[PDB]
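**Student:** So I've got this file, protein38.txt, and it contains compact mmCIF, C-alpha atoms and all ligand atoms:
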# COMPACT_ATOMS: atom_id res chain seq x y z
CA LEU A 4 -65.21 51.47 -75.90
CA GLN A 5 -65.56 50.86 -79.63
CA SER A 6 -62.65 49.47 -81.64
CA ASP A 7 -61.99 52.82 -83.32
CA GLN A 8 -61.49 54.21 -79.78
CA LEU A 9 -59.30 51.55 -78.16
CA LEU A 10 -56.04 52.72 -79.72
CA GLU A 11 -56.81 56.31 -78.66
CA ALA A 12 -57.40 55.28 -75.02
CA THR A 13 -54.92 55.82 -72.20
CA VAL A 14 -53.00 53.44 -69.97
CA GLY A 15 -54.76 54.81 -66.89
CA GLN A 16 -58.19 53.87 -68.24
CA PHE A 17 -57.22 50.18 -68.13
CA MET A 18 -54.73 49.91 -65.28
CA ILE A 19 -55.28 48.11 -61.99
CA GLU A 20 -55.55 51.01 -59.51
CA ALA A 21 -52.87 51.23 -56.81
CA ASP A 22 -55.24 50.65 -53.91
CA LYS A 23 -55.80 47.13 -55.33
CA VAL A 24 -52.08 46.49 -56.02
CA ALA A 25 -50.08 44.47 -53.51
CA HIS A 26 -46.75 46.12 -52.73
CA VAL A 27 -44.01 46.47 -50.13
CA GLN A 28 -41.58 49.19 -49.00
CA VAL A 29 -37.89 49.56 -49.87
CA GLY A 30 -36.99 49.20 -46.17
CA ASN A 31 -39.05 46.08 -45.44
CA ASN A 32 -37.16 42.86 -44.87
CA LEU A 33 -37.41 39.86 -47.19
CA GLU A 34 -39.54 37.91 -44.72
CA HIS A 35 -42.26 40.56 -44.98
CA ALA A 36 -41.98 40.65 -48.78
CA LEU A 37 -42.15 36.85 -49.01
CA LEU A 38 -45.25 36.82 -46.79
CA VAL A 39 -47.02 39.44 -48.93
CA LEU A 40 -46.10 37.69 -52.19
CA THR A 41 -47.27 34.32 -50.89
CA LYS A 42 -50.50 35.52 -49.25
CA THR A 43 -51.59 37.67 -52.19
CA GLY A 44 -50.59 34.92 -54.62
CA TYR A 45 -48.46 37.05 -56.94
CA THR A 46 -44.94 36.20 -58.12
CA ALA A 47 -43.61 39.79 -58.25
CA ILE A 48 -44.94 43.10 -56.91
CA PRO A 49 -43.97 46.79 -56.78
CA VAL A 50 -41.63 48.30 -54.17
CA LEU A 51 -42.42 51.85 -53.04
CA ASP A 52 -40.67 54.38 -50.85
CA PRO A 53 -42.49 55.98 -47.88
CA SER A 54 -43.74 58.86 -50.04
CA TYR A 55 -45.39 56.37 -52.46
CA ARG A 56 -42.84 56.58 -55.31
CA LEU A 57 -41.91 53.39 -57.17
CA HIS A 58 -38.31 52.18 -56.79
CA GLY A 59 -38.35 48.61 -58.09
CA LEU A 60 -39.95 45.16 -58.16
CA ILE A 61 -39.55 42.27 -55.70
CA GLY A 62 -40.37 38.65 -56.44
CA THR A 63 -40.12 35.18 -54.98
CA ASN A 64 -37.26 34.10 -57.22
CA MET A 65 -35.16 37.11 -56.15
CA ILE A 66 -35.77 36.23 -52.51
CA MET A 67 -34.98 32.54 -52.91
CA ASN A 68 -31.80 33.46 -54.79
CA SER A 69 -30.73 35.31 -51.63
CA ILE A 70 -31.34 32.40 -49.23
CA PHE A 71 -30.48 29.20 -51.16
CA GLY A 72 -27.14 28.43 -49.48
CA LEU A 73 -24.42 25.86 -50.14
CA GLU A 74 -25.75 23.31 -47.66
CA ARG A 75 -29.19 24.55 -46.61
CA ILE A 76 -31.84 27.19 -47.10
CA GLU A 77 -30.54 30.08 -44.99
CA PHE A 78 -33.94 31.36 -43.93
CA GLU A 79 -32.41 33.43 -41.13
CA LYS A 80 -31.32 35.86 -43.85
CA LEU A 81 -34.97 36.74 -44.55
CA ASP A 82 -34.91 38.96 -41.44
CA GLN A 83 -31.38 40.26 -42.16
CA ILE A 84 -31.82 41.56 -45.75
CA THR A 85 -33.99 44.42 -46.98
CA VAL A 86 -36.02 44.54 -50.18
CA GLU A 87 -33.87 47.44 -51.42
CA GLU A 88 -30.82 45.16 -51.48
CA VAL A 89 -32.21 42.56 -53.92
CA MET A 90 -35.06 44.27 -55.81
CA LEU A 91 -35.01 44.76 -59.58
CA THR A 92 -34.58 48.47 -60.39
CA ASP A 93 -34.31 48.45 -64.22
CA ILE A 94 -38.03 48.38 -65.04
CA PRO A 95 -40.23 50.27 -67.53
CA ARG A 96 -42.67 52.94 -66.39
CA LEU A 97 -45.86 54.36 -67.85
CA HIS A 98 -47.71 57.58 -67.17
CA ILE A 99 -51.46 57.55 -66.54
CA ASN A 100 -52.08 59.61 -69.70
CA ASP A 101 -49.76 57.55 -71.90
CA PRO A 102 -51.39 56.25 -75.09
CA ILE A 103 -52.44 52.64 -74.64
CA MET A 104 -50.28 51.56 -77.59
CA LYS A 105 -47.21 52.47 -75.53
CA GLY A 106 -48.47 50.07 -72.88
CA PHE A 107 -49.28 47.41 -75.48
CA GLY A 108 -45.67 47.53 -76.64
CA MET A 109 -44.19 47.46 -73.15
CA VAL A 110 -46.07 44.33 -72.07
CA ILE A 111 -44.49 42.32 -74.88
CA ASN A 112 -41.39 41.93 -72.69
CA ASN A 113 -43.00 42.61 -69.28
CA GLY A 114 -45.84 40.77 -67.56
CA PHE A 115 -46.88 44.07 -66.00
CA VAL A 116 -45.71 47.68 -66.12
CA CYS A 117 -46.05 50.17 -63.28
CA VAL A 118 -47.93 53.43 -63.84
CA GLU A 119 -47.20 56.76 -62.12
CA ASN A 120 -48.39 60.36 -62.43
CA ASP A 121 -46.32 63.38 -63.48
CA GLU A 122 -44.98 63.76 -59.90
CA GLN A 123 -43.81 60.11 -59.78
CA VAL A 124 -46.62 59.08 -57.42
CA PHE A 125 -47.39 55.39 -57.95
CA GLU A 126 -50.83 54.97 -59.54
CA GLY A 127 -51.28 51.32 -60.49
CA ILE A 128 -50.13 48.57 -62.79
CA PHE A 129 -50.83 47.79 -66.44
CA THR A 130 -51.08 44.02 -66.89
CA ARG A 131 -51.00 41.63 -69.83
CA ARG A 132 -54.31 40.09 -68.73
CA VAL A 133 -56.16 43.38 -69.08
CA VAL A 134 -54.52 44.04 -72.48
CA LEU A 135 -55.36 40.54 -73.72
CA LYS A 136 -58.94 40.65 -72.46
CA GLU A 137 -59.69 43.96 -74.17
CA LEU A 138 -58.04 42.96 -77.43
CA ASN A 139 -60.20 39.85 -77.01
CA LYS A 140 -63.26 42.00 -77.64
CA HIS A 141 -62.00 43.87 -80.69
CA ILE A 142 -60.33 41.21 -82.84
CA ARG A 143 -63.47 39.08 -82.39
CA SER A 144 -66.08 41.77 -83.02
CA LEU B 10 -54.90 34.15 -89.92
CA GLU B 11 -54.42 30.58 -91.00
CA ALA B 12 -51.52 30.67 -88.51
CA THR B 13 -51.35 27.76 -86.09
CA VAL B 14 -50.18 27.30 -82.52
CA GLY B 15 -47.34 25.04 -83.68
CA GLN B 16 -45.89 27.82 -85.83
CA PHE B 17 -45.58 30.16 -82.84
CA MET B 18 -45.08 27.92 -79.81
CA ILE B 19 -41.87 27.60 -77.84
CA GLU B 20 -40.74 24.10 -78.76
CA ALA B 21 -40.49 21.56 -75.93
CA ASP B 22 -36.72 21.16 -76.07
CA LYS B 23 -36.43 24.88 -75.19
CA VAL B 24 -38.81 24.57 -72.20
CA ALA B 25 -37.59 24.21 -68.61
CA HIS B 26 -39.28 21.35 -66.74
CA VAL B 27 -39.20 19.01 -63.75
CA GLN B 28 -40.38 15.40 -63.51
CA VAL B 29 -42.97 13.69 -61.38
CA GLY B 30 -41.31 12.36 -58.29
CA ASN B 31 -38.95 15.33 -58.01
CA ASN B 32 -39.28 17.13 -54.70
CA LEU B 33 -40.35 20.74 -54.19
CA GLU B 34 -36.87 21.87 -53.19
CA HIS B 35 -35.49 20.76 -56.55
CA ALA B 36 -38.40 22.39 -58.39
CA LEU B 37 -37.99 25.65 -56.45
CA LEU B 38 -34.25 25.66 -57.18
CA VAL B 39 -34.88 25.19 -60.93
CA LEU B 40 -37.48 27.98 -60.91
CA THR B 41 -35.10 30.29 -59.02
CA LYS B 42 -32.10 29.61 -61.29
CA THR B 43 -33.97 29.71 -64.60
CA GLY B 44 -35.96 32.72 -63.42
CA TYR B 45 -39.30 31.27 -64.53
CA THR B 46 -42.25 31.33 -62.15
CA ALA B 47 -44.12 28.26 -63.45
CA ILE B 48 -42.98 25.33 -65.61
CA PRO B 49 -44.34 21.98 -66.80
CA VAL B 50 -44.11 18.69 -64.90
CA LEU B 51 -43.33 15.71 -67.17
CA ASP B 52 -42.92 11.97 -66.72
CA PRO B 53 -40.09 9.82 -68.21
CA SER B 54 -42.23 9.20 -71.32
CA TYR B 55 -42.18 13.00 -71.81
CA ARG B 56 -45.91 13.21 -71.04
CA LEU B 57 -47.42 16.29 -69.42
CA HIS B 58 -48.83 15.81 -65.92
CA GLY B 59 -49.28 19.36 -64.65
CA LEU B 60 -47.66 22.72 -63.87
CA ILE B 61 -45.52 23.65 -60.86
CA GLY B 62 -44.71 27.21 -59.83
CA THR B 63 -43.24 29.39 -57.12
CA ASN B 64 -46.58 30.57 -55.73
CA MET B 65 -48.02 27.09 -55.24
CA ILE B 66 -44.74 25.84 -53.72
CA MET B 67 -44.60 28.71 -51.23
CA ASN B 68 -48.25 28.27 -50.31
CA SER B 69 -47.65 24.58 -49.60
CA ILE B 70 -45.12 25.45 -46.85
CA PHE B 71 -46.75 28.68 -45.56
CA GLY B 72 -47.71 27.51 -42.06
CA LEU B 73 -49.71 29.26 -39.38
CA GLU B 74 -46.59 29.86 -37.27
CA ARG B 75 -43.62 29.56 -39.64
CA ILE B 76 -42.47 29.01 -43.21
CA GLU B 77 -41.71 25.29 -43.30
CA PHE B 78 -38.69 25.33 -45.62
CA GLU B 79 -37.59 21.96 -44.23
CA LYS B 80 -40.66 20.33 -45.80
CA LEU B 81 -39.61 21.22 -49.35
CA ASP B 82 -37.47 18.10 -49.82
CA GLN B 83 -40.23 15.97 -48.21
CA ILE B 84 -43.02 16.86 -50.69
CA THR B 85 -43.13 15.70 -54.32
CA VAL B 86 -44.17 17.96 -57.18
CA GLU B 87 -47.19 15.79 -57.98
CA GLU B 88 -48.66 16.54 -54.54
CA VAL B 89 -48.74 20.30 -55.28
CA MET B 90 -48.86 20.74 -59.05
CA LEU B 91 -51.87 22.12 -60.92
CA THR B 92 -53.48 19.56 -63.22
CA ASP B 93 -56.72 21.29 -64.32
CA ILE B 94 -55.07 23.25 -67.13
CA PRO B 95 -55.98 24.07 -70.75
CA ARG B 96 -54.33 22.27 -73.64
CA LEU B 97 -53.61 23.08 -77.27
CA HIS B 98 -52.88 20.97 -80.34
CA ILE B 99 -50.12 21.96 -82.75
CA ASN B 100 -52.69 22.50 -85.53
CA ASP B 101 -55.03 24.68 -83.44
CA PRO B 102 -55.58 28.20 -84.84
CA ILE B 103 -53.61 30.95 -83.16
CA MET B 104 -56.82 32.71 -82.09
CA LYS B 105 -57.79 29.68 -79.99
CA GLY B 106 -54.48 30.00 -78.18
CA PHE B 107 -55.04 33.74 -77.83
CA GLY B 108 -58.25 33.05 -75.93
CA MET B 109 -56.55 30.58 -73.61
CA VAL B 110 -53.76 32.95 -72.56
CA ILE B 111 -56.19 35.56 -71.23
CA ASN B 112 -56.22 33.68 -67.92
CA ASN B 113 -52.94 31.75 -68.34
CA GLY B 114 -49.38 33.00 -68.79
CA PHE B 115 -48.76 29.99 -71.01
CA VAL B 116 -50.68 27.00 -72.33
CA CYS B 117 -49.15 23.60 -73.00
CA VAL B 118 -49.20 21.98 -76.44
CA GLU B 119 -49.51 18.19 -76.49
CA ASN B 120 -50.67 15.32 -78.67
CA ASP B 121 -53.38 12.71 -78.09
CA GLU B 122 -50.96 10.47 -76.12
CA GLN B 123 -50.27 13.47 -73.82
CA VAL B 124 -46.73 13.84 -75.20
CA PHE B 125 -45.46 17.34 -74.47
CA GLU B 126 -44.71 19.41 -77.59
CA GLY B 127 -44.21 23.00 -76.46
CA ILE B 128 -45.77 25.99 -74.75
CA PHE B 129 -47.82 28.84 -76.19
CA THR B 130 -46.93 31.99 -74.26
CA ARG B 131 -48.48 35.41 -73.84
CA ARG B 132 -45.28 36.98 -75.20
CA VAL B 133 -45.53 35.24 -78.57
CA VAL B 134 -49.23 36.20 -78.82
CA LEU B 135 -48.56 39.82 -77.94
CA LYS B 136 -45.66 40.14 -80.36
CA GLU B 137 -47.86 38.96 -83.23
CA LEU B 138 -50.85 41.10 -82.19
CA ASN B 139 -48.61 44.17 -82.04
CA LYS B 140 -47.55 43.42 -85.63
CA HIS B 141 -51.21 43.33 -86.68
CA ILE B 142 -52.27 46.56 -84.98
CA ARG B 143 -49.08 48.28 -86.25
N1 LIG C 201 -55.60 36.20 -57.93
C1 LIG C 201 -55.59 35.79 -59.21
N2 LIG C 201 -56.77 35.62 -59.84
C2 LIG C 201 -56.77 35.26 -61.13
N3 LIG C 201 -55.73 35.04 -61.93
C3 LIG C 201 -54.57 35.22 -61.28
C4 LIG C 201 -54.41 35.58 -59.95
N4 LIG C 201 -53.07 35.68 -59.63
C5 LIG C 201 -52.45 35.40 -60.75
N5 LIG C 201 -53.30 35.12 -61.80
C6 LIG C 201 -52.96 34.89 -63.20
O1 LIG C 201 -51.58 34.55 -63.30
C7 LIG C 201 -50.92 35.48 -64.18
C8 LIG C 201 -49.48 35.64 -63.75
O2 LIG C 201 -49.43 36.08 -62.37
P1 LIG C 201 -48.08 36.52 -61.72
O3 LIG C 201 -48.31 36.66 -60.25
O4 LIG C 201 -46.98 35.63 -62.18
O5 LIG C 201 -47.81 37.95 -62.32
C9 LIG C 201 -48.63 39.10 -62.04
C10 LIG C 201 -48.09 39.89 -60.85
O6 LIG C 201 -46.66 39.91 -60.86
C11 LIG C 201 -48.66 41.28 -61.17
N6 LIG C 201 -49.95 41.55 -60.54
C12 LIG C 201 -51.19 41.36 -61.07
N7 LIG C 201 -52.17 41.81 -60.32
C13 LIG C 201 -51.52 42.33 -59.21
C14 LIG C 201 -51.99 42.98 -58.06
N8 LIG C 201 -53.29 43.25 -57.83
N9 LIG C 201 -51.08 43.38 -57.15
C15 LIG C 201 -49.78 43.16 -57.39
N10 LIG C 201 -49.22 42.56 -58.45
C16 LIG C 201 -50.15 42.17 -59.33
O7 LIG C 201 -48.83 41.34 -62.58
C17 LIG C 201 -48.45 40.08 -63.18
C18 LIG C 201 -49.31 39.83 -64.40
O8 LIG C 201 -50.68 39.69 -63.97
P2 LIG C 201 -51.80 39.22 -64.99
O9 LIG C 201 -53.12 39.41 -64.36
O10 LIG C 201 -51.53 39.80 -66.35
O11 LIG C 201 -51.51 37.64 -65.13
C19 LIG C 201 -51.77 36.73 -64.04
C20 LIG C 201 -53.18 36.14 -64.06
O12 LIG C 201 -53.57 35.77 -65.38
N1 LIG C 202 -35.27 34.25 -69.77
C1 LIG C 202 -36.12 35.21 -70.15
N2 LIG C 202 -35.82 35.96 -71.23
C2 LIG C 202 -36.65 36.94 -71.59
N3 LIG C 202 -37.80 37.31 -71.02
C3 LIG C 202 -38.08 36.56 -69.96
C4 LIG C 202 -37.32 35.51 -69.46
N4 LIG C 202 -37.92 34.96 -68.34
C5 LIG C 202 -39.01 35.66 -68.20
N5 LIG C 202 -39.18 36.64 -69.14
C6 LIG C 202 -40.33 37.52 -69.32
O1 LIG C 202 -41.14 37.44 -68.16
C7 LIG C 202 -42.47 37.02 -68.52
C8 LIG C 202 -43.11 36.26 -67.38
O2 LIG C 202 -42.28 35.12 -67.03
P1 LIG C 202 -42.80 34.03 -66.00
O3 LIG C 202 -41.63 33.10 -65.67
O4 LIG C 202 -43.49 34.69 -64.86
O5 LIG C 202 -43.88 33.23 -66.85
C9 LIG C 202 -43.47 32.41 -67.97
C10 LIG C 202 -43.14 30.99 -67.54
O6 LIG C 202 -44.04 30.54 -66.53
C11 LIG C 202 -43.40 30.24 -68.86
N6 LIG C 202 -42.22 30.10 -69.71
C12 LIG C 202 -41.82 30.93 -70.73
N7 LIG C 202 -40.74 30.52 -71.35
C13 LIG C 202 -40.41 29.34 -70.71
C14 LIG C 202 -39.41 28.38 -70.94
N8 LIG C 202 -38.50 28.48 -71.93
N9 LIG C 202 -39.38 27.29 -70.14
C15 LIG C 202 -40.31 27.17 -69.18
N10 LIG C 202 -41.31 28.00 -68.89
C16 LIG C 202 -41.31 29.07 -69.69
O7 LIG C 202 -44.36 30.98 -69.58
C17 LIG C 202 -44.69 32.19 -68.86
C18 LIG C 202 -44.97 33.31 -69.82
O8 LIG C 202 -43.77 33.59 -70.56
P2 LIG C 202 -43.66 34.84 -71.54
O9 LIG C 202 -42.45 34.67 -72.38
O10 LIG C 202 -44.96 35.11 -72.16
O11 LIG C 202 -43.43 36.06 -70.52
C19 LIG C 202 -42.21 36.20 -69.77
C20 LIG C 202 -41.20 37.09 -70.50
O12 LIG C 202 -41.82 38.24 -71.06
Turn the structure described in the file into structure tokens.
Ligand SMILES: Nc1ncnc2c1ncn2[C@@H]1O[C@@H]2COP(=O)(O)O[C@H]3[C@@H](O)[C@H](n4cnc5c(N)ncnc54)O[C@@H]3COP(=O)(O)O[C@H]2[C@H]1O
Ligand SMILES: Nc1ncnc2c1ncn2[C@@H]1O[C@@H]2COP(=O)(O)O[C@H]3[C@@H](O)[C@H](n4cnc5c(N)ncnc54)O[C@@H]3COP(=O)(O)O[C@H]2[C@H]1O

**Tutor:**
Amino acid sequence: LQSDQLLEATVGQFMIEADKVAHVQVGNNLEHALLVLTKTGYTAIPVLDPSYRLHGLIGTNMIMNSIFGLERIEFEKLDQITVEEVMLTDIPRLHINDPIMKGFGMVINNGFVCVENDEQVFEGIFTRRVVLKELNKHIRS
Amino acid sequence: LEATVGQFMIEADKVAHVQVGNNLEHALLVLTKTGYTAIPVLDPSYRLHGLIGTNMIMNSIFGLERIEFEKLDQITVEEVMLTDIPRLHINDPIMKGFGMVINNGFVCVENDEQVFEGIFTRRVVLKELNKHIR
């Protein structure tokens, strides 16, 4: 796109598509979430319900907060607690047709923002890296 | 502009850190409590040695058969930390920092003696860029 087109673009045109987004389910236990986070290398990822609607975010710090005990790391709790119980639910959301400037503003305070369609089906994530890389092209030239 | 990294960086005394020689359990506890996912590793001279974060800590104890939580207090941060990292000077132009945060959530600011001065974060870049577009 040319610079006089970037502001008119949509969030969906620059998001990471959902089939490339690591995620877990609300009903998974924290051991499964910790394995997915660690193996994919990400510090926080979306949490979906079985019908593919976003309900929250789960991250390593949330999980460790649940198992750092008084005397020891209580790793047995990883199999006893579900993602639902500790996930972050107050998160912003974008629509695939949202103007990209709405996404630009939301990533000031958020490393990524989840994107859904009009029926709340999860569609992908809008990340700071993609924003920064594209603004890279247009401030320069 | 003529704006510099030093005018927009998070100053060092506001930055969470650990020290070389600290073990991974301490570092993971600090990350968990502060809520940050990666922070600088300093020495007692306040020099920057690398970055430590939750992902690299978890990968260091992610075994074939089990998560080896008991190893966390047996491994020092310097055995796991990332050292091949970009660096900024306080007088660098803000656009040089902008380039460096494309691939990095933050970039450390330091002087020629490797003394740690602050971090240049994506958030401060994005706030200023939003001002410019808007
Ligand atoms: N495999 C990899 N290859 C190259 N660089 C990597 C990388 N993993 C992480 N990074 C770098 O680290 C930044 C912070 O990652 P973090 O996992 O904390 O934070 C990530 C993570 O929470 C989430 N995320 C990104 N891509 C994801 C994906 N495909 N699936 C799930 N979550 C993802 O969005 C946040 C912001 O991502 P963003 O790309 O802006 O920023 C990333 C990227 O610049
Ligand atoms: N206490 C808090 N208050 C408000 N918002 C908060 C927050 N903790 C995290 N966030 C938000 O989450 C983003 C990603 O944080 P993360 O810890 O993964 O990644 C952070 C962390 O690795 C590091 N960082 C930022 N501030 C730090 C500090 N004071 N001390 C140590 N490390 C810091 O720089 C990365 C990028 O930070 P940035 O501010 O651009 O982006 C932050 C910010 O938008």

**Student:** Do you know which residues are at most 6 Å from residue A:48 counting all atoms listed in the file, after dropping those on the same chain fewer than 6 positions away, and could you put them as a tab-separated table (two decimals) with C-alpha atoms, in the coordinates of the input?

**Tutor:**
chain	number	residue	atom	x	y	z
A	26	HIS	CA	-46.75	46.12	-52.73
A	60	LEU	CA	-39.95	45.16	-58.16
A	61	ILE	CA	-39.55	42.27	-55.70

**Student:** Could you work out how far atom CA of residue A:69 lies from atom CA of residue A:89, giving the answer in Å with one decimal?

**Tutor:**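 Those two atoms sit 7.7 Å apart.
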
**Student:** If the limit is 6 Å from any atom of ligand LIG 202 (chain C), counting all atoms listed in the file, which residues qualify? Return them as number ranges by chain.

**Tutor:** A: 112-114; B: 23-25, 44-48, 114-115, 130-132

**Student:** Could you work out which residues of chain A fall inside 9 Å of chain B? Count only C-alpha atoms, and format the result as a PyMOL selection string.

**Tutor:** chain A and resi 10+37-38+40-42+44-46+63-68+71+76+78+104+107-108+110-114+131-136+138-139

**Student:** My list of candidates is B:73, B:81, B:29, B:116. Which is closest to ligand LIG 201 (chain C) when distances are computed with only C-alpha atoms and all ligand atoms?

**Tutor:** B:116

**Student:** Please provide the set of residues having any atom within 12 Å of residue A:84, restricted to only C-alpha atoms, with same-chain residues fewer than 2 positions apart removed, written as number ranges by chain.

**Tutor:** A: 29-37, 65-67, 69-70, 77-82, 86-90

**Student:** Take atom CA of residue B:94 and atom CA of residue B:141 and report the distance between them in Å, one decimal.

**Tutor:** 28.3 Å

**Student:** Tell me, in Å to one decimal, how far atom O1 of ligand LIG 201 (chain C) is from atom CA of residue A:93.

**Tutor:**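 So the answer is 22.2 Å.
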
**Student:** Neighbouring residues of residue A:105 were defined as those with any atom within 10 Å, considering all atoms listed in the file; residues of the same chain fewer than 4 positions away were excluded. Please report them as a PyMOL selection string.

**Tutor:** chain A and resi 10+13-14+97-98+101+109-110
